[PDB]
2 protein chains.
Amino acid sequence: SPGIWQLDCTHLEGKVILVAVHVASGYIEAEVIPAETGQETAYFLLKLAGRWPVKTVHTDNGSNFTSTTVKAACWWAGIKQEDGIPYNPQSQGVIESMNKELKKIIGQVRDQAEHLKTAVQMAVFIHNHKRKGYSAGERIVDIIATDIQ
Amino acid sequence: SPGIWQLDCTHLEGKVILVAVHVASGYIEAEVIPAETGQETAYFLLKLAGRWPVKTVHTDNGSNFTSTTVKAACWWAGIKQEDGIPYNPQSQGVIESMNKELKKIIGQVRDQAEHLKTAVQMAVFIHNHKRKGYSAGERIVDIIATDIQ
Ligand SMILES: C=CCN(Cc1ccccc1C(=O)NCc1ccc(OC)cc1)Cc1ccc2c(c1C(=O)O)OCO2
Ligand SMILES: C=CCN(Cc1ccccc1C(=O)NCc1ccc(OC)cc1)Cc1ccc2c(c1C(=O)O)OCO2
């Protein structure tokens with residue numbers, strides 16, 4: 001549970017937003033890329049796993065599950081690469097709701113920057129700091145500190 | 001002290017590596033950019049502060065301390081922007097030693113990727129996971145969790 005993350009790919013403005021969600025907390029990291037390739041996804045996972053103790057990633061589609069570059073990054077970074085089959089049907093819903101919330105936030109900040117990447121990092125910040133009372137950023141730290149102890 | 005970070009700029013292969021270090025733990029985030037500008041530094045701090053509870057940043061030089069774009073991102077993200085004067089002379093040495101360790105790690109992985117940005121993210125991963133016993137990634141989570149509690 002503390003080490004499990006889910007990849008999610010959404011689209012805006014003709015670009016791709018790649019998201020990793022820490023499933024137990026709802027905390028996210030995200031980036032804009034011009035298209036989802038195995039190299040971009042592999043690089044994104046390398047970044048994530050240098051920052052948080054990523055044990056397992058549920059990939060966002062079969063092409064990223066198949067990609068030998070993504071499998072190579074997961075090998076390098078010590079991550080168990082898994083499929084993203086929603087054996088719990090509530091998973092599809094949680095991810096659709098997250099993309100809709102993120103896109104809502106991006107539209108709320110969109111005029112505050114020229115480049116979509118800037119708006120998406122403002123949206124990561126607001127999402128992670130939003131009190132629901134704890135924020136997603138507080139929950140991930142507590143979950144992982146509990147695991148370390 | 002759980003919220004205090006230090007910016008650091010180092011050079012390799014004709015490029016710039018921008019580093020944020022969490023002072024109490026030694027944990028780092030880093031990125032490669034073609035040159036250190038106010039916009040690149042402001043974007044980097046926006047990313048950092050959406051991922052960790054960044055209260056204070058000691059900027060790496062007077063150009064980033066002065067930059068109105070850097071000041072605007074620190075306003076947006078709720079960061080107190082401070083200068084980086086090493087009132088403790090041990091601060092100079094610690095940053096120099098970190099740059100030398102990071103460049104050593106980059107040389108140890110350099111032939112495992114074409115692009116320097118890849119090598120630098122491998123080096124962030126190795127640095128954050130190295131036990132010296134706890135790793136910097138463990139120390140930062142424990143420090144912030146203690147603080148939330
Ligand atoms: C001279 C700055 C260029 N713009 C000006 C702009 C252009 C259009 C609308 C608003 C603005 C505006 O000032 N908003 C406030 C602001 C300030 C700093 C800030 O720092 C994170 C983010 C936002 C902001 C910007 C900075 C760094 C970036 C960007 C962009 C971008 O516009 O996307 O892209 C990647 O790094
Ligand atoms: C598949 C083509 C790309 N190369 C091949 C390569 C070129 C030269 C030397 C070694 C290799 C090699 O296979 N090493 C192992 C490896 C695999 C996956 C991995 O994923 C993080 C990092 C490393 C690795 C790469 C992937 C993603 C990127 C990169 C680069 C890069 O070379 O820098 O740049 C930004 O995203």
# chains A, B, ... in the order shown; residues from 1 in each chain; ligands from 1
>>> interface_residues(of="chain A", to="chain B", cutoff="6 Å", atoms="only C-alpha atoms", output="ChimeraX atom specification")
/A:47,50,121,124-125,141-142,145
>>> closest_atom_pairs(of="chain A", to="ligand 2", cutoff="8 Å", atoms="only C-alpha atoms and all ligand atoms", output="JSON lines")
{"residue": "A:38", "atom": "CA", "partner": "ligand 2", "partner_atom_place_in_ligand_line": "27 (C)", "distance": 7.6}
{"residue": "A:39", "atom": "CA", "partner": "ligand 2", "partner_atom_place_in_ligand_line": "27 (C)", "distance": 4.2}
{"residue": "A:40", "atom": "CA", "partner": "ligand 2", "partner_atom_place_in_ligand_line": "36 (O)", "distance": 5.4}
{"residue": "A:41", "atom": "CA", "partner": "ligand 2", "partner_atom_place_in_ligand_line": "36 (O)", "distance": 7.8}
{"residue": "A:42", "atom": "CA", "partner": "ligand 2", "partner_atom_place_in_ligand_line": "20 (O)", "distance": 4.3}
{"residue": "A:43", "atom": "CA", "partner": "ligand 2", "partner_atom_place_in_ligand_line": "21 (C)", "distance": 4.1}
{"residue": "A:44", "atom": "CA", "partner": "ligand 2", "partner_atom_place_in_ligand_line": "21 (C)", "distance": 7.4}
{"residue": "A:45", "atom": "CA", "partner": "ligand 2", "partner_atom_place_in_ligand_line": "21 (C)", "distance": 7.1}
{"residue": "A:46", "atom": "CA", "partner": "ligand 2", "partner_atom_place_in_ligand_line": "21 (C)", "distance": 5.3}
{"residue": "A:68", "atom": "CA", "partner": "ligand 2", "partner_atom_place_in_ligand_line": "1 (C)", "distance": 8.0}
{"residue": "A:69", "atom": "CA", "partner": "ligand 2", "partner_atom_place_in_ligand_line": "18 (C)", "distance": 4.8}
{"residue": "A:70", "atom": "CA", "partner": "ligand 2", "partner_atom_place_in_ligand_line": "20 (O)", "distance": 6.3}
{"residue": "A:71", "atom": "CA", "partner": "ligand 2", "partner_atom_place_in_ligand_line": "18 (C)", "distance": 7.5}
{"residue": "A:72", "atom": "CA", "partner": "ligand 2", "partner_atom_place_in_ligand_line": "17 (C)", "distance": 4.6}
{"residue": "A:73", "atom": "CA", "partner": "ligand 2", "partner_atom_place_in_ligand_line": "20 (O)", "distance": 4.0}
{"residue": "A:74", "atom": "CA", "partner": "ligand 2", "partner_atom_place_in_ligand_line": "20 (O)", "distance": 7.7}
{"residue": "A:76", "atom": "CA", "partner": "ligand 2", "partner_atom_place_in_ligand_line": "23 (C)", "distance": 7.1}
>>> write_last_selection(atoms="C-alpha atoms", output="short mmCIF file (atom, residue, chain, number, x, y, z; two decimals), in the first residue's frame")
data_model
loop_
_atom_site.label_atom_id
_atom_site.label_comp_id
_atom_site.auth_asym_id
_atom_site.auth_seq_id
_atom_site.Cartn_x
_atom_site.Cartn_y
_atom_site.Cartn_z
CA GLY A 38 7.68 4.57 -23.90
CA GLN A 39 10.73 6.90 -23.53
CA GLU A 40 8.68 9.79 -22.00
CA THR A 41 6.87 7.39 -19.68
CA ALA A 42 10.14 5.70 -18.67
CA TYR A 43 11.76 9.06 -17.93
CA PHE A 44 8.75 10.18 -15.89
CA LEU A 45 8.92 6.94 -13.77
CA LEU A 46 12.69 7.39 -13.22
CA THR A 68 10.68 -2.46 -23.29
CA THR A 69 11.93 1.08 -22.41
CA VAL A 70 9.37 1.36 -19.63
CA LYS A 71 10.28 -2.19 -18.43
CA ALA A 72 13.95 -1.12 -18.45
CA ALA A 73 13.27 2.00 -16.39
CA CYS A 74 11.26 -0.07 -13.89
CA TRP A 76 16.67 0.33 -13.19
#
>>> closest_atom_pairs(of="chain A", to="ligand 1", cutoff="6 Å", atoms="only C-alpha atoms and all ligand atoms", output="tab-separated table")
residue	atom	partner	partner_atom_place_in_ligand_line	distance
A:111	CA	ligand 1	9 (C)	5.7
A:112	CA	ligand 1	10 (C)	4.1
A:113	CA	ligand 1	32 (O)	3.6
A:114	CA	ligand 1	32 (O)	3.7
A:115	CA	ligand 1	33 (O)	3.7
A:118	CA	ligand 1	33 (O)	4.8
>>> write_last_selection(atoms="C-alpha atoms", output="PDB file, in the first residue's frame")
ATOM      1  CA  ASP A 111      -4.906  32.646 -17.646  1.00  0.00           C
ATOM      2  CA  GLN A 112      -2.055  32.896 -15.083  1.00  0.00           C
ATOM      3  CA  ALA A 113       0.551  31.431 -17.513  1.00  0.00           C
ATOM      4  CA  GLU A 114       1.202  31.217 -21.212  1.00  0.00           C
ATOM      5  CA  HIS A 115       2.371  27.517 -21.232  1.00  0.00           C
ATOM      6  CA  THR A 118       2.913  25.980 -15.892  1.00  0.00           C
TER       7      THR A 118
END
>>> residues_around(residues="segment 8-14 of chain A", least_positions_apart="6", cutoff="8 Å", atoms="only C-alpha atoms", output="ChimeraX atom specification")
/A:20-21,34,36,59-60,95,99,116
>>> write_last_selection(atoms="C-alpha atoms", output="mmCIF file, in the first residue's frame")
data_model
loop_
_atom_site.group_PDB
_atom_site.id
_atom_site.type_symbol
_atom_site.label_atom_id
_atom_site.label_comp_id
_atom_site.auth_asym_id
_atom_site.auth_seq_id
_atom_site.Cartn_x
_atom_site.Cartn_y
_atom_site.Cartn_z
ATOM 1 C CA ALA A 20 1.226 9.419 -11.317
ATOM 2 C CA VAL A 21 -1.137 9.026 -8.411
ATOM 3 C CA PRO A 34 3.769 16.283 -26.727
ATOM 4 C CA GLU A 36 2.883 9.504 -24.671
ATOM 5 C CA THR A 59 0.656 1.256 -15.876
ATOM 6 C CA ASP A 60 -2.010 3.311 -17.668
ATOM 7 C CA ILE A 95 -9.262 8.161 -12.151
ATOM 8 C CA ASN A 99 -8.915 13.927 -14.487
ATOM 9 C CA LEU A 116 0.139 24.706 -20.349
#
>>> select_by_dssp(residues="chain A", states="helix (DSSP H, G or I)", output="number ranges by chain")
A: 38-51, 62-66, 68-77, 90-112, 116-129, 136-148
>>> write_last_selection(atoms="C-alpha atoms", output="CSV table (one decimal), in the first residue's frame")
chain,number,residue,atom,x,y,z
A,38,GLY,CA,7.7,4.6,-23.9
A,39,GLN,CA,10.7,6.9,-23.5
A,40,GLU,CA,8.7,9.8,-22.0
A,41,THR,CA,6.9,7.4,-19.7
A,42,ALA,CA,10.1,5.7,-18.7
A,43,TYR,CA,11.8,9.1,-17.9
A,44,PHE,CA,8.7,10.2,-15.9
A,45,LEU,CA,8.9,6.9,-13.8
A,46,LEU,CA,12.7,7.4,-13.2
A,47,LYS,CA,12.0,10.9,-11.9
A,48,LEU,CA,9.1,9.7,-9.6
A,49,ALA,CA,11.1,6.8,-8.1
A,50,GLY,CA,14.1,9.0,-7.3
A,51,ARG,CA,11.7,11.2,-5.3
A,62,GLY,CA,-1.1,-1.9,-22.6
A,63,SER,CA,1.5,-0.1,-24.8
A,64,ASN,CA,3.3,1.3,-21.6
A,65,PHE,CA,2.9,-2.2,-20.0
A,66,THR,CA,4.6,-3.8,-23.1
A,68,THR,CA,10.7,-2.5,-23.3
A,69,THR,CA,11.9,1.1,-22.4
A,70,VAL,CA,9.4,1.4,-19.6
A,71,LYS,CA,10.3,-2.2,-18.4
A,72,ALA,CA,13.9,-1.1,-18.4
A,73,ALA,CA,13.3,2.0,-16.4
A,74,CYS,CA,11.3,-0.1,-13.9
A,75,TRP,CA,14.1,-2.5,-13.7
A,76,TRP,CA,16.7,0.3,-13.2
A,77,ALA,CA,14.6,2.0,-10.5
A,90,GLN,CA,-14.3,1.8,-8.5
A,91,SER,CA,-10.7,2.5,-9.9
A,92,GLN,CA,-12.0,3.7,-13.4
A,93,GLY,CA,-14.3,6.1,-11.6
A,94,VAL,CA,-11.6,7.5,-9.2
A,95,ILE,CA,-9.3,8.2,-12.2
A,96,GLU,CA,-12.1,9.8,-14.4
A,97,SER,CA,-13.0,12.0,-11.4
A,98,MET,CA,-9.3,13.0,-10.9
A,99,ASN,CA,-8.9,13.9,-14.5
A,100,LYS,CA,-12.1,16.0,-14.4
A,101,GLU,CA,-11.0,17.8,-11.1
A,102,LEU,CA,-7.5,18.4,-12.6
A,103,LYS,CA,-8.9,19.9,-15.7
A,104,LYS,CA,-11.2,22.1,-13.6
A,105,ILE,CA,-8.2,23.4,-11.7
A,106,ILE,CA,-6.2,23.9,-14.9
A,107,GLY,CA,-9.1,26.1,-16.3
A,108,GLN,CA,-9.2,28.0,-13.0
A,109,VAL,CA,-5.5,29.0,-13.4
A,110,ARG,CA,-5.1,28.9,-17.1
A,111,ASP,CA,-4.9,32.6,-17.6
A,112,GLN,CA,-2.1,32.9,-15.1
A,116,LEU,CA,0.1,24.7,-20.3
A,117,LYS,CA,3.1,23.0,-18.4
A,118,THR,CA,2.9,26.0,-15.9
A,119,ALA,CA,-0.8,25.7,-15.4
A,120,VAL,CA,-0.5,21.9,-14.9
A,121,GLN,CA,2.1,22.4,-12.1
A,122,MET,CA,-0.2,25.1,-10.5
A,123,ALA,CA,-2.9,22.4,-10.6
A,124,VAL,CA,-0.6,19.8,-9.0
A,125,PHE,CA,0.2,22.3,-6.2
A,126,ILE,CA,-3.5,23.1,-5.5
A,127,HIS,CA,-4.5,19.4,-5.7
A,128,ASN,CA,-1.8,18.3,-3.3
A,129,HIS,CA,-2.4,21.0,-0.8
A,136,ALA,CA,-3.0,14.5,-0.1
A,137,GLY,CA,0.6,15.8,0.6
A,138,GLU,CA,0.1,15.3,4.4
A,139,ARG,CA,-1.4,11.9,3.9
A,140,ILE,CA,1.4,10.6,1.7
A,141,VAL,CA,4.1,11.7,4.2
A,142,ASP,CA,2.2,10.1,7.1
A,143,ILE,CA,1.6,6.9,5.3
A,144,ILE,CA,5.3,6.5,4.2
A,145,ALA,CA,6.6,7.7,7.7
A,146,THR,CA,4.4,5.0,9.3
A,147,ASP,CA,5.8,2.4,6.9
A,148,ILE,CA,9.5,3.4,7.7
>>> atom_distance(atom1="atom CA of residue 5 of chain B", atom2="atom CA of residue 56 of chain B")
6.2 Å
>>> atom_distance(atom1="atom CA of residue 85 of chain A", atom2="atom CA of residue 135 of chain A")
27.3 Å
>>> select_by_dssp(residues="segment 16-117 of chain A", states="strand (DSSP E)", output="NGL selection string")
:A and (16-22 or 28-33 or 56-58 or 80-82)
>>> write_last_selection(atoms="N, CA and C atoms", output="PDB file, in the first residue's frame")
ATOM      1  N   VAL A  16      -0.413  16.049 -24.055  1.00  0.00           N
ATOM      2  CA  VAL A  16      -0.663  14.975 -23.151  1.00  0.00           C
ATOM      3  C   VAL A  16      -0.184  15.345 -21.744  1.00  0.00           C
ATOM      4  N   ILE A  17      -1.020  15.025 -20.788  1.00  0.00           N
ATOM      5  CA  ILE A  17      -0.618  15.267 -19.376  1.00  0.00           C
ATOM      6  C   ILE A  17      -0.456  13.852 -18.804  1.00  0.00           C
ATOM      7  N   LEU A  18       0.762  13.523 -18.354  1.00  0.00           N
ATOM      8  CA  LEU A  18       1.007  12.214 -17.731  1.00  0.00           C
ATOM      9  C   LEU A  18       1.001  12.430 -16.198  1.00  0.00           C
ATOM     10  N   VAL A  19       0.180  11.641 -15.484  1.00  0.00           N
ATOM     11  CA  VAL A  19      -0.002  11.763 -14.068  1.00  0.00           C
ATOM     12  C   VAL A  19       0.398  10.474 -13.371  1.00  0.00           C
ATOM     13  N   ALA A  20       1.080  10.553 -12.219  1.00  0.00           N
ATOM     14  CA  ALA A  20       1.226   9.419 -11.317  1.00  0.00           C
ATOM     15  C   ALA A  20       0.467   9.716 -10.078  1.00  0.00           C
ATOM     16  N   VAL A  21      -0.420   8.792  -9.678  1.00  0.00           N
ATOM     17  CA  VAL A  21      -1.137   9.026  -8.411  1.00  0.00           C
ATOM     18  C   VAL A  21      -0.690   7.971  -7.399  1.00  0.00           C
ATOM     19  N   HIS A  22      -0.418   8.434  -6.192  1.00  0.00           N
ATOM     20  CA  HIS A  22      -0.133   7.563  -5.101  1.00  0.00           C
ATOM     21  C   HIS A  22      -1.495   7.119  -4.562  1.00  0.00           C
ATOM     22  N   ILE A  28      -0.358  13.506  -6.162  1.00  0.00           N
ATOM     23  CA  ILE A  28       0.031  13.310  -7.553  1.00  0.00           C
ATOM     24  C   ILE A  28       1.331  14.037  -7.936  1.00  0.00           C
ATOM     25  N   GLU A  29       1.977  13.514  -8.999  1.00  0.00           N
ATOM     26  CA  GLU A  29       2.980  14.274  -9.719  1.00  0.00           C
ATOM     27  C   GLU A  29       2.478  14.255 -11.184  1.00  0.00           C
ATOM     28  N   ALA A  30       2.830  15.288 -11.984  1.00  0.00           N
ATOM     29  CA  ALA A  30       2.321  15.288 -13.352  1.00  0.00           C
ATOM     30  C   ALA A  30       3.318  16.036 -14.232  1.00  0.00           C
ATOM     31  N   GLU A  31       3.280  15.796 -15.562  1.00  0.00           N
ATOM     32  CA  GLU A  31       4.093  16.569 -16.481  1.00  0.00           C
ATOM     33  C   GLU A  31       3.319  16.666 -17.814  1.00  0.00           C
ATOM     34  N   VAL A  32       3.625  17.678 -18.593  1.00  0.00           N
ATOM     35  CA  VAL A  32       3.115  17.768 -19.980  1.00  0.00           C
ATOM     36  C   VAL A  32       4.207  17.256 -20.917  1.00  0.00           C
ATOM     37  N   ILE A  33       3.783  16.458 -21.890  1.00  0.00           N
ATOM     38  CA  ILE A  33       4.677  15.888 -22.983  1.00  0.00           C
ATOM     39  C   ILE A  33       3.856  15.980 -24.286  1.00  0.00           C
ATOM     40  N   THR A  56       5.574  -0.291  -6.627  1.00  0.00           N
ATOM     41  CA  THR A  56       4.735  -0.861  -7.673  1.00  0.00           C
ATOM     42  C   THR A  56       4.115   0.238  -8.482  1.00  0.00           C
ATOM     43  N   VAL A  57       4.119   0.076  -9.800  1.00  0.00           N
ATOM     44  CA  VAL A  57       3.360   1.003 -10.663  1.00  0.00           C
ATOM     45  C   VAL A  57       2.358   0.205 -11.479  1.00  0.00           C
ATOM     46  N   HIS A  58       1.088   0.597 -11.395  1.00  0.00           N
ATOM     47  CA  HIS A  58       0.073   0.098 -12.343  1.00  0.00           C
ATOM     48  C   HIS A  58       0.089   0.982 -13.542  1.00  0.00           C
ATOM     49  N   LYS A  80       8.281  -2.676  -9.461  1.00  0.00           N
ATOM     50  CA  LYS A  80       7.452  -3.774 -10.003  1.00  0.00           C
ATOM     51  C   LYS A  80       6.429  -3.174 -10.962  1.00  0.00           C
ATOM     52  N   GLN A  81       6.549  -3.500 -12.238  1.00  0.00           N
ATOM     53  CA  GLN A  81       5.635  -2.969 -13.238  1.00  0.00           C
ATOM     54  C   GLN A  81       4.481  -3.885 -13.400  1.00  0.00           C
ATOM     55  N   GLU A  82       3.281  -3.375 -13.213  1.00  0.00           N
ATOM     56  CA  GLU A  82       2.065  -4.176 -13.228  1.00  0.00           C
ATOM     57  C   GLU A  82       1.078  -3.622 -14.258  1.00  0.00           C
TER      58      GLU A  82
END
>>> atom_distance(atom1="atom CA of residue 133 of chain A", atom2="atom CA of residue 86 of chain A")
28.3 Å
